[PDB]
Structures are given as C-alpha cells and as structure tokens.
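In structure tokens, one chain follows: the form deposited in one PDB entry.
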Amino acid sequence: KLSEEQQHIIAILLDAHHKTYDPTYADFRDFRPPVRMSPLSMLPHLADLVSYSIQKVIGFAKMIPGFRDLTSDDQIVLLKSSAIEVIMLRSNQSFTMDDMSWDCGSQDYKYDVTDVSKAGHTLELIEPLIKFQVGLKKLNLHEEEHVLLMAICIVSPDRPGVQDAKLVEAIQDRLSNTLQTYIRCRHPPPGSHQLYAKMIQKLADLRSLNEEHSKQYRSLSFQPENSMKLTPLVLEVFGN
C-alpha cells in the first residue's frame, strides 16, 4: 500500500525537519535576553525566537515535494498564512505536559503561560494554545506523522489569496494520501484509531489559533513602541 513515491516523500520530509529543527537549541544565545523577574519584558526575546522559527519554517517548506513547482506569489501566500500555525505545530516537540511549558534545553529558555503573556498576549489565545499542545501531544505522533502534518498545513488550497488552488490541492492531496496510507500501514492499534481525522481536527484548531493570534498581533503591532521591538522578518510575514 505505501508506494515507493510515498516512502520517498516521507524520507524527504524527515530529512527536511532534521535540517531545520535543532534540538540542542544552541542558537537561542543569539537572541535578545529573556526578562522575567506591567511591561512586556519578554517581547524582545520572543520576537527573536519567533523570527528565528519563521526562518526554519521557510527552510522546511522549500523542501516539501512539489512546493517549488508553485509560483513565487503562491509560495509567499502559503507561508504568510501558515507560518504561525507551523510554529505552533513545531513547538509541540519542546512542549512538556509535566508543567504545561515549552522546555528548550535550559531554565532561561523554558517558556510558560506567563512568558507568552509577557509578549502581550491574553488567555483568549493562550488557553486554547495550551489545550492544542496537550491534545497534539496526546496523539503521540510518529515523527513521520508530525512532519507530514506540518507539510499538509503549509500546502493548503483554501488559504486566502491563493491563485493556482488546483495545483496547491494536487500537492496537498499527494501528502494527505501519504499520511492516510502511512497510518493504515505503519501505525499500530490502538494508537491509530481515528488518527487521521484527529490530525485533520488539529488543522482546524490551528485555523482558529491563527485567527486569534492575528487579532492580538494586529493590536500589539499597531502600537509603534511594540513594533519597534519586532524584527524586520516578523513585520514582513506577520504584518505591518
């Protein structure tokens, strides 16, 4: 059932993830320092962290089979709308249910709900974000399923502004059938039970998290003194 092409797809995506996710988190020392000890003390550090992650998402997307057959405009539209969602997906790797925090190797780079609030965000986003991270973690995805979901998230034909939606759908369909077939052939029960439908539900959850983050980002970035603390890439991708 899992064809040669589908095994090839999975190998490329696993490699692309390995080349764009550094589980040592060594680069975090380059970011502006976290401030925790009211002001948005974490915004400089978390702006750099987000900006760093946007670069990784772009590097991943470029290696998705078929992605660079799209036009430049379509590649841009897809990354602009999905980047926030893939950052949330990718962040699940560091999330720990022990204390509902994101553990990036050390105490200074361990992020909880208070850190996210200290970048300007409210429980309207943070509570559903934690619920998302908990429900994704409980799926106990294979790494194969994790990177397929990130790629399916990126190549979505219903993103606003997409021009060649028929070609975007054809690329996504190739990835969806790869994932559907992978689960059916390689994910043993009971973990496989309704797994594809649960994964697609998480993509719907991401659309709602996307909407809420965009709402709060527009509110935060509308104030020039906050925008001053963002990075140029964040302003270009998330908006200005």
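Just count from 1 along the sequence shown to find any residue number. Under this definition, the rigid core comprises the largest set of C-alpha atoms superposing within 1.5 Å between the forms.
The PDB entry reports B-factors from which the mean C-alpha value can be compared for 55-63 and 195-203; the larger average falls on 195-203. Higher mean CA temperature factor, per the PDB entry, when comparing 165-173 with 124-132: 165-173. In the deposited entry, the Cα temperature factor of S208 places it in the middle third of its chain's modelled residues.
In the deposited entry, the Cα temperature factor of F222 sits in the top third of values across the chain's modelled residues. Per-chain ranking of the deposited C-alpha B factor places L179 in the middle third. In this PDB entry, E85 carries a Cα temperature factor that places it within the lowest third of its chain's modelled residues.
In this PDB entry, the Cα temperature factor of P189 sits in the middle third of its chain's modelled residues.
What comes next is about the form deposited in another entry, which is not displayed.
Superposing the two forms on their core leaves just one of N210, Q201, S192, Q55 with a Cα displacement of at least 2 Å between the shown form and the other one, namely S192. Between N177 and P190, the Cα distance is smaller in the other entry than in this structure, by no less than 3 angstroms. Note on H193 and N177: their C-alpha atoms are nearer in the other entry, a change of at least 3 Å from this conformation.
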